[PDB]
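Please see the structure below; I have some questions.
Per-chain residue numbering starts at 1, and chain names A, B, C, D, E, F, G and H are given in the order in which the chains are listed.
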Amino acid sequence: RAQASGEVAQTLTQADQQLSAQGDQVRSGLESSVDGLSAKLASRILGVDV
Amino acid sequence: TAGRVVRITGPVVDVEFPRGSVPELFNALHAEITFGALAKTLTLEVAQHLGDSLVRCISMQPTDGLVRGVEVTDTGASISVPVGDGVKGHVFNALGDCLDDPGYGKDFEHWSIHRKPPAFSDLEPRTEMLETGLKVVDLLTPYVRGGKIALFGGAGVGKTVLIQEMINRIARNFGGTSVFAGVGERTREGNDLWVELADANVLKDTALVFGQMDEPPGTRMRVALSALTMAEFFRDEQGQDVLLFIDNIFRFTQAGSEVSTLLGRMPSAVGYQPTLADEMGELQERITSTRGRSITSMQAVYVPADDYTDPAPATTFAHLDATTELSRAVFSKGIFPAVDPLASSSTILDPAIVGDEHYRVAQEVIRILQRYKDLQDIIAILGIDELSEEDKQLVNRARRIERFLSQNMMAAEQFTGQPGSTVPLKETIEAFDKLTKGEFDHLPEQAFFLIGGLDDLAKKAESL
Amino acid sequence: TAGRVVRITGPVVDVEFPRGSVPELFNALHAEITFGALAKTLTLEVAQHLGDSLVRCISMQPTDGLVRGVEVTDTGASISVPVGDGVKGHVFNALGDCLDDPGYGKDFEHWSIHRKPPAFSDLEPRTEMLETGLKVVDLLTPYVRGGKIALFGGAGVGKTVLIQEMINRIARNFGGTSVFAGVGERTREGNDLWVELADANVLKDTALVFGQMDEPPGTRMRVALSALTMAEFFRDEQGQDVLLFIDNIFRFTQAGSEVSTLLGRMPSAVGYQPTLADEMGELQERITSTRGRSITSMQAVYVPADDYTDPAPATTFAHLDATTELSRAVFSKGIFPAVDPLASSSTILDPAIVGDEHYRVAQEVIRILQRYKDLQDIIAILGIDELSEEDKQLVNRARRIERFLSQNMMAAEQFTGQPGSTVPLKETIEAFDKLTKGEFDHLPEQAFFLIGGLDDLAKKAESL
Amino acid sequence: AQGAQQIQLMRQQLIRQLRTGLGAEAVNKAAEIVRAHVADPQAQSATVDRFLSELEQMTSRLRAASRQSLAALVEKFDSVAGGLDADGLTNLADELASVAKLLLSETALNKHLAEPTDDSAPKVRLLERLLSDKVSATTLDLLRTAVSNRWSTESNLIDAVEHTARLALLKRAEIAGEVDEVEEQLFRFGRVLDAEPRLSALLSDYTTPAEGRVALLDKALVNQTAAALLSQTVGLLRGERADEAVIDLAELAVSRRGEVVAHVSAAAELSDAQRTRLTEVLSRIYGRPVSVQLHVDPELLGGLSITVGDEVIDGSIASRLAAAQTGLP
Amino acid sequence: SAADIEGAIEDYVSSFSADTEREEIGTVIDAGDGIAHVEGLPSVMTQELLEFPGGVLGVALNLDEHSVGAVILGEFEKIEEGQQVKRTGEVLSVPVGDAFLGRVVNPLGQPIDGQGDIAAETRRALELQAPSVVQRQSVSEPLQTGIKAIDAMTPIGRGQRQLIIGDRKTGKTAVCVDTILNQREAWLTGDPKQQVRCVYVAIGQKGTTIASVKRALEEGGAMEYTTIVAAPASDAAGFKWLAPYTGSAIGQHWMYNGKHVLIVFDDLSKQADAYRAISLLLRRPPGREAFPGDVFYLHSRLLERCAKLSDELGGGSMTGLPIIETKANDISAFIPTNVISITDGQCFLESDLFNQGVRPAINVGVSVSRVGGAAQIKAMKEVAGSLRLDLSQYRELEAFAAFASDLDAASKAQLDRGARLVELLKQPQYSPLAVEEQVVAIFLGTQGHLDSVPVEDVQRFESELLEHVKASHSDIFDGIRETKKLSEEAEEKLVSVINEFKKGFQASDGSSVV
Amino acid sequence: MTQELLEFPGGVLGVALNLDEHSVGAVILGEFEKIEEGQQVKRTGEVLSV
Amino acid sequence: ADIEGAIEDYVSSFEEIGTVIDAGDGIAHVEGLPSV
Amino acid sequence: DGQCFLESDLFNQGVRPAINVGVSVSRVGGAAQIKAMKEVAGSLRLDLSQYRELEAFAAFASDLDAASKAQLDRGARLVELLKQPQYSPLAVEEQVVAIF
C-alpha cells in the first residue's frame, strides 16, 4: 500500500507537470482558433453574413 | 358550453361554469392534461359550491401538468363503477377501470358510488357467531356472521397478516362472494394478494379494488366507496352473502383529512377534518346487513403513533360488532396474533348467544388477565416472587393463558415455515376452562407458544 | 430614492420603497430616531417582501420612539462586520460596532454576515484529530479539527477557566486565533468575561462579539453569524486555525423562534420556527475546515427541561461531534479542568480515526472509572474496608487515574505562577496505558494532581 | 488503478477549463464583431426585417357575477352614448366620478348598495332618495342598472361606476376624432410616470386628501380629455400604482377600437415601413387589430423585441448574446 | 487535446440557433422565507418548474386566479419583488441517464461536485406514478448487504423497502455505505442482472458527512456506479424536500430500462422536517407533531416508487433503504410509525447495544423483514432458519438470568449459545462479507461449533477460519457461490475442516479448543 | 329570524344559525346532496321546532 | 426633477388631532396622528 | 444570575423558608459573601449534599457506618439550623455565628 501510494503520488506530480506545460501550449494554438470560432459565432449571433 | 379551471391547489381543483350549467354535488367532471409523458384525462369529483358558478372539486389522478383555463366537461352523473356477476375475478382502480386489461367492464351496468345507506326499517341486528378457528378470536372476541369486524393496531403489529389469515379461514370455504378494498395500503401487498388468490383459486369468486398509497387523496378516499358499491350490488341484486375486506380504513379518514385542509375547512382536534364522523358514518353505515342479505365486513384500522385515543380510531370504534385491538406490547413478547385480550371486545359475547359454558370461561380468562395487568406495575419493579401466594398462583396461570392465546396461523407459514393450525370452538373453550381451573400450572410457559389445541400442547410439553 | 416607515409593531417595522429601489432580502437599512431622550441610528434587517413595494423588516435595536413616515436608507449590502487582525483585542456588538471604544474598526474591510458555507469540493474528506494537549480531552474525548464540541457547563464549574485555557492552547500551540460569540450573554457575566480575559492577558488574541440580552431577537439571532463572519475571515483570508466559542447555542435557536413568531410565521413542533433545521444548518454547516485551515468550535448548549429530544437540542446534536461535560462532583475534588470522564464523549473515539492503542486505552480508562463510579456508593455508606482486595486494588488505580486526568494549564499560570504544560498525544496514551496496568500504584494520590505528563509525574513523586 | 483514473480526471479538468477559456474568448470576440456590424443603421434595418420576416414565417380581472354585470352595464352605456353629445358626456363623466367619490367615502352606503340580491328594488329606492335631486337624470338611468345587477364584492360596484365614468370620458375623444392623440398622450403619461418614481408614488395619495394630487397634475402635466382622465383616476385611485393605472387607461382606450397594445423595443427610430409590417404580422399572430408602443433603447441594440399580453418575442443582439454565453460548454 | 477542444466549441457554435419562440413572463409580487408569489403566467402548468433572474428555480404549487404560489428551490435570498419569472415549459423534472454514475448532484440534477456538466439521456417528471398492482412481481432475488446480522435475520430482497430506523450516531449511514460498497463484487460482472447500481440521497446531512461518504465510496470503488444526491444541512427547505424525489427519479429511469437499482435515503426525517417547513410557510394547518396531514402522502408517494417490475416491464427493480432518526428510541412516534407502515420491514438499530459495542446494533424482535425470506438464498435460509428466534429468546433469557443465582443446564446452554451468537454477528465498519463467507460464518455459530470457544475469542476464531477456508478447502466457498446450496457433501467437508482448525486454535486465556 | 327553519326546494329543512348583513349561515338538517347554488329557499315563519 | 420640487411643496403643506375609530376591552384605535 | 427554587413539599415538611438547596444556585457564588461567611459556610453545600444522599438511610441509622452516621445526624441538624421564622431577618454578624 505504501509503495503504491508513493507511485500514485509520483504519477500525480508527473501529471501536474505535463498538464501545466500542455496547458500553456494548447492556449497559444487555441488563441488563433478563437479568432476563427468568434467570427463564425458573430454570424450565428446576427443570423447573417458578417 | 362547458366550464373552465380557475384555481388549483394540489389535488383540489376549483372550476367555474356558465350561470345555468353548474353541476350538482358529487358529479364526475372530466378535464384534459396535455403535456409530455403525463398527458391524461383527469377525473374531478365536485365537493362544494363557492358562489358565482364556481365549484370546488377533488382530483382522482395527480393534477401535475393541469393548466388554469382548460375546458372542464360535466358528465352529469356521479363517479360510477362496473357491477355485475362478471365483476368477480378482476382487479379495479377506484374509478372502476380494470388494471389487468383496461377495455374490461366498460359495457357492464355501472352504479354511482354515492348512495343512501339502507333505511332503518330494513336494518336488523346480526347475532350468528362466525367460526374462524383462531383461539383468541373465537374465545374472547367472537366474530359476527353479517356484522362489522375490525383489526385495530399500530404500524407493523400484524393487521394485514390477520386480514390475509381471515381470507384463508373464511373466504376459501365461504359459499358467497368476496370483495377486497385496498384503501391506502402497500401496492406490494396488492400484488402478493392477487397472485395468492390466483394460486389458491379463490380469485374466480372475488373482486379486488385498489387505491394504494401512490394515489392522490381523492381516489385514496373514493376507493372505499367504490369497493363498497360493488359489495352493495352483490348484496342487493345478486342476493348473495358477501365478504368485504377493507384494509386500511384509517387511510379513508386520513385522505379525508388531507383534502379537507386543501378545501380550506378549519382543522378539528389534532388536525383532522370536521365531518370526520359524518364522512366515516357515510362509509360505515352503507356496509350493513339488511334483513334478507348479509355482508360480513372486516376492516383493518391503523392507529397512528399507537395512540388508541386518536380521533380517527375513536370515531370508527362506534361502528363495529367485534373489535380486535392489536398491541405493540403483546407483539414485543412475540405472542402472535398480538391481539390484546383486555381491549378487544365483541357484542355477541353474551350467555344468551354463546351459551353459559363459553361465557363463563371468557369472563374467567378476562378476570385473570385483568388482575395480571393490575399487578404489572409491581411485576415491572420486583418481579414475581414479591406477590402474595393467591396472586402468584394467579400470575403463573395468567402468563400461561397469555401465551396460550397465541397460534400458528395459516398466514404465518411465509415467516416461520411451520404449517398453520385450526382449533374448533369446543376444543378452544375446554382448553381455557382447564387452564383457568388450574389443570396445566405444572407445564412451562415456553410449552404454550404458537400451538394449535390441547393435543399439540401435550406434544410440545413432551418435547421439553 | 430612499424608503419610508409605514407600520411599526414592536421589533417589526414595515418600510415602503420606490418601485426600482426595493432592497433584496437580508439587506441592512438605517433609520432615524430623533426624540431627544432615545436618539438612535436604528438598524433594520429585511425579512420579507409583503408586495406593493413594501418590505417587512426586523429591527436590530428597540423601536421605541420610531415615527411613521421617517426616512429609511438602504445600505445596498447585508449586515456587515469589520474583519482584519485589528478586531483581535476588542469587543463588538452583533452589528460590528465596538463597545470598548466607539467608532473603532470602521476603517477596516467589512464582510457581509450572510454568505454561503464552503463549496462541496472545498471540504476535507477525513476527520483529522485536534491535538489540544489536555490529558483528559486528548484521551477520553478527542476533539475534531473543524468540528463542533458541546460544552455542558454550570455555575462556577471552571467553564470560564477552560475557555481561557482553550484560547491559550490555540493561540500558543497552533499560532491560531479565537472568537467568542456571546449569544445572549448576561451583561454582568459578559463584563466579567471581558475583564477576566483582560486580566489573563489573552484578550490580545481574541475577538469578542456580544449580542447582549438587552437587545431584540434580531441581534441575538445575528450575533452568532457576526462572530462566525470574523472567524471565516481568519480562516479564509489570513489562513489561521480558529476556535469559535458560542455561548449559548440554545439562545440562538430561541432568538430565531422569536423572530419567526414576530414575522407571523406559523410555529413548528414544540413552538419553534419552521425554518429551524435550515437556519441552524446555515450557522453550523459553515463551521468547518477547508484548504488545510479550520474553525473548531466549542458551543455551550442549554437543554430545556433536561429533554435531549426537544427540537432545539435535538437539531443542535444533529451537528456536533464531541460532548464535553463539566461536573461540580469533580471540581470539588480539585481535579481541574473538571471534565467529567464518563458523562463526556466523542465520535472520534473509534479505532478507525484514532489508533487501536488509543481506542483500547480509552475504553480501559472508562471501564476502571465506571467500576469506581459504581463502588462510590459502597465507599460512602460502608467505608473502604467493606471492599475486597481486588476492588481496593481497582479503587487505588481509579483514584490515581481520576487525579492523573487533572493538569497544570495555562489558565492557572495567573494564580500559581508555575507555567502551564502541554502533554503530547503519544505520551498521554503511553502514560494511561502504564497507569491502568498499575505501574504507579505505590505513589500517593497527591503525586498525580495538576501534573504535566509522565516525566513531570516522576519529578513531583520523587520530590514528595 | 485509482491513480490512473485520477490522472484522466485531472486531464478532464484541464480540457474543460481550456474550453471555458476558449468559449469565453470566442463569445467576447463575437460580441465585439457583431456590435461593430450592428453600429450601421442599414444593418439594424436588415436585423429588424429579418426578425419581422421570421415572425411572418412563425373584465378578466373580476369574478363571474361582477364580470356578467359589468358586461351588461357597458352594453347599456353603448345605448346612452348613442344619443349623447360632448358637452353632455363631460358632465356625465364628472357626475359619475362624483358619485364614485360618495360611494368610496360613505363605505356604509356602498356596503348596502352593492349587496348581491335578486329582489333589488329597495336598493334602487335608496339610490333614488339619495341622488334624484343632486345629479342629472341620465346618470340616474345608468346607476339604476349599475345597482340592480349582482356584484361579487362591495368594491366591484365602485370599480364599475369608475369604469363607466372613464368610458363616458373616452367617448368625447371618439366623437371629436382625438382618439389617436389621447392614446399617444396616455402612453406619454404612462412612460413618464414610470420613469418618474417620485411624482407617481406621490400621486398614489389614497392615504391623503385627493384634491392635492388633482392640483399637482394641473401644475405638472395637452388634450383636456387626457388631463381629465388622469384627474378622474387619481381621485378614485384606491391604492393602485399610478403608472400602472395610466397603463390600464391606455389598454382600455385601445380596447374601445377593438385592438390590443404591444410594447416594442428597438435600437432607435423604427420607420413606418417597419410599423405597417410589424402590426400586420402581430395581427396574424394574435388574431386582432393592434397598436405599437415604441419604447426605443440602445442597450437592446440590433434585432427587435416585442411584448403583448403575457408573451414576448425577443430577438436582439443583447438577448442572443446572453443565449450564446450561457450555452457554453 | 487541442483538436477535440476546438472541435467541440466549433460544433457548439454551429448548433447555436435562435431561441425566439415566445414565452410567458410573470413578475414576483411577494417573497419570503422560502416561497414567492408570481403574477401573470396565464398558461403555466401546476408543478411547472419556474425560473427566476438569478438562475434560481421554483415549483408552481398554488395556482390562484391572478397569482402562482411558487416554492423556491436553492438560494431564495436572490429573489425579490418585481423580478421577472419565466416558464421553462417542463413539469417538475430532473435530467436522468447513465451519465449520473459517479457524480454528486443537487436535487435539480445539477453537478455540485465541481466537475463537468452531465450528458443526460432525457428528463423525467418527479411526480410520474408508481407501477401498479399488475405491473409488479413478487420480490425473488436478494441484495447481499454484506452485514452478517442483516443478511441472516432481515434479508433485503430486490424491490423491498427496508427501514434502517435508529437513533443518531448508531451506524445507520454505516449500514447503507456497507450495503453500497458490497455491490462492487457484482458490478465487475458486465451482465445487467447481477449488476446493481446505487443512488445515495443525502438529505440535511452535514457536508463533511457527505464528503466522508463520497471518499469512503471512492476507497471501495463504489463510485463507478453510485450517484449521490446532496441536499446538505445548509440548503433551503425546497432542496431538502426534493432530494428524495429526484433520488428516486434518477433511479426510476434505470429501473424501467430493466437494470437493478438500490436507493438509500439518508435521512427521511429531515425531508419530513423540510416538508413541514414548506407547509407551515404556506400556512397549511398542522396535524400531529405539527406535521401537515399529507406528510404520509410525502413518504408513501416516495417509497411506493420502489418496486420489482414484471417481465412485461423489463424485469428491473428498485430497492429503497430509507433511514429515519427516532429520538431516544421512541419507535411509536409519528414519523417512525408512518414509515414502518409504508416499508416492508425495519432494521431497528438500538443505541444501548451500539454503546455496549454490539455493532451493527440490530435490535431483533422489533427489527423484522416482512418480504424477506422469499429472496434469501437457500443455504442462508437453511442456516439462519432458527437464528432470529434463538436470538430473541436469548435477549429475554439474559435480561431474566442476569438477576438469578443459578439456572438449569438447558437454559444455561441456550444462554451461552446466544452470547456467542451475539459475538459472532458483530463486524467492523467498511468490511462487507461476500455471501459465500457469511453463510459459513453463521454455520459455525448455529450448528454449535463455537460451544468449545470462549466469548473473548469468538470473533477472532471466525476471522481466522474464514481466511483459512479462503486459502485451502475453497471448494466450500466456490460450491456455495456456484450452486447457492449448502449440500450434504459440502457440510461434511466443512465439518472435517472446522475440527482441524479447532485443534489449530488457542484462546487468549484457557486451553486450545478441544 | 335567528334559528328560523328554512325550507330548501328538495323538501329538506335547515336552520339560520348566523345572520350577517347580506347573508344567512344556514345548517342543513337532512340530505345536503340535493342542495346547490342558485336555487330558491322559502322561510317557514317558524322558530326551530318539532 | 420637477417631481422632487413638487414633493417638497407637498411636505411643506403637511397640535395634531386624531379621532378614536374603535374601542374594546382596554384598547382604542386612533386614526390620524401622522407624527405620533 | 441565580434561582432560589422554593418548593411546596419542603414548605409542608417544615423546612420554611422552603428553599430547595442543591437545585437552587447563584452564578456569582463566593464573591457575594464577606470573608467570615465564606470560611464558615463554604463546607455547608457539601454537608447538605452528603445529607441529601444519606437521607434514604434514615431507617437504618444503627447499621450505617459510624463515619457517615456522623454526616447524617449533622445533616439533619443543618436542615433544622436553616429553618427560620418570617419577619425575623438575621444581621450578617448573627448568621455567621448561626452557621458556625
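Everything below uses one rule, namely that a residue touches a chain if its C-beta (ideal position, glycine included) is under 8 Å from a C-beta of that chain, and two chains touch if they have at least 3 such contacts.
Think of the whole protein's Cα atoms as having one middle point; the chain whose own Cα middle lies nearest to it is E. Judged by contacting C-beta pairs, the busier of the interfaces D-E and C-G is D-E.
Between subunit G and subunit H, the centres computed from C-alpha atoms are 63 Å apart.
Centre-to-centre separation between subunit A and subunit H, using Cα means, comes to 80 Å. Subunit B and subunit D have centres, each the mean of its CA atoms, that are 59 Å apart.
Of all residues in subunit F, none touches 2 or more other chains. Subunit C has residues 19 in contact with two or more other chains. Shared contact sites, meaning residues of subunit A that touch two or more other chains, fall at 22, 26, 30, 33, 37, 41, 44-45, 47.
Contacts between chains, counted with the stated touch criterion, involve the pairs A-D, A-E, B-D, B-E, B-F, C-D, C-E, C-G, C-H, D-E, D-F, D-G.
Residue ranges on subunit C touching subunit G, taken from their complex, read 67-69. Per the touch definition, subunit F reaches subunit D in the complex via residues 21-22. Subunit B meets subunit F in the complex at residues 19, 22, 24-26, 49, 51, 53, 114, 116. Taken in their complex, subunit E has these residues touching subunit A: 1-2, 5-6, 9-10, 13-14, 16-18.
Every residue of subunit A that touches subunit E in the complex is listed here, in rising order: 22, 26, 29-30, 33, 37, 40-41, 44-45, 47.
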